[PDB]
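The chain below stands alone and is given in C-alpha cells; this is the form deposited in one PDB entry.
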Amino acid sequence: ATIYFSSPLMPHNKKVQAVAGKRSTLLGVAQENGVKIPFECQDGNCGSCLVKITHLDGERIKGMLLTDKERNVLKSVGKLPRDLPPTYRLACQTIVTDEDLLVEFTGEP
C-alpha cells in the first residue's frame, strides 16, 4: 500500500510504501519513515495521533474496526461517525492494509 502522510507540522507530505500483512499501524509506519509526531502513548488513550483518512485506491476492509475505547476517544474529540468518505481514526490503532490512503494528522496534542 502507498500512504501519503500530511500534517500542519510537516512542510512536505511524505509518501511511503508499506508492506501489508505485518501487523503495521499508520503511526508505526509513519515513525518508521521518519514521520515522528511529537506526542504519543502506549495505551491508545491520549488521542494525539488523531488522523483524517481519505481513501485513494484498493479494497476497504468491511468489518468492525473500532474498540469501545477508540470510539470513546473519538467521541471525546467530536470525531465519532461502497462509497468511502473521509473517516477519523487513532493512527496508533489503524492497521495497514492493501488500501492506498491519504493520512492527515491533526497536529494537536
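Residue indices: 1-based, along the sequence shown. We call the rigid core the largest set of C-alpha positions that still match within 1.5 Å between the two forms.
Coordinates are given for every residue of the deposited sequence from residue 58 through residue 59, so that no gap is recorded there. Just going by the entry, 23-31 versus 38-46 on mean CA temperature factor gives the higher value to 38-46. When 82-90 is weighed against 9-17, 82-90 comes out higher, by mean CA B-factor as recorded in the entry. When the modelled residues of the chain are ordered by C-alpha B-factor, residue 73 sits in the middle third. Residue 66: CA B factor lies in the middle third for its chain, per the PDB record.
There is another form of the same protein, the form deposited in another entry; it is not shown, and what comes next is about it.
Core-superposed comparison between the shown form and the other one: CA of residue 37 displaced by 2 Å or more. After superposing the rigid core, the Cα of residue 66 is displaced by 2 Å or more between the shown form and the other one. In the other entry, the CA atoms of residue 96 and residue 66 sit farther apart than in the displayed form, by at least 3 angstroms. One change in the other entry concerns residue 49 and residue 38, whose Cα atoms lie at least 3 Å closer than in this form.
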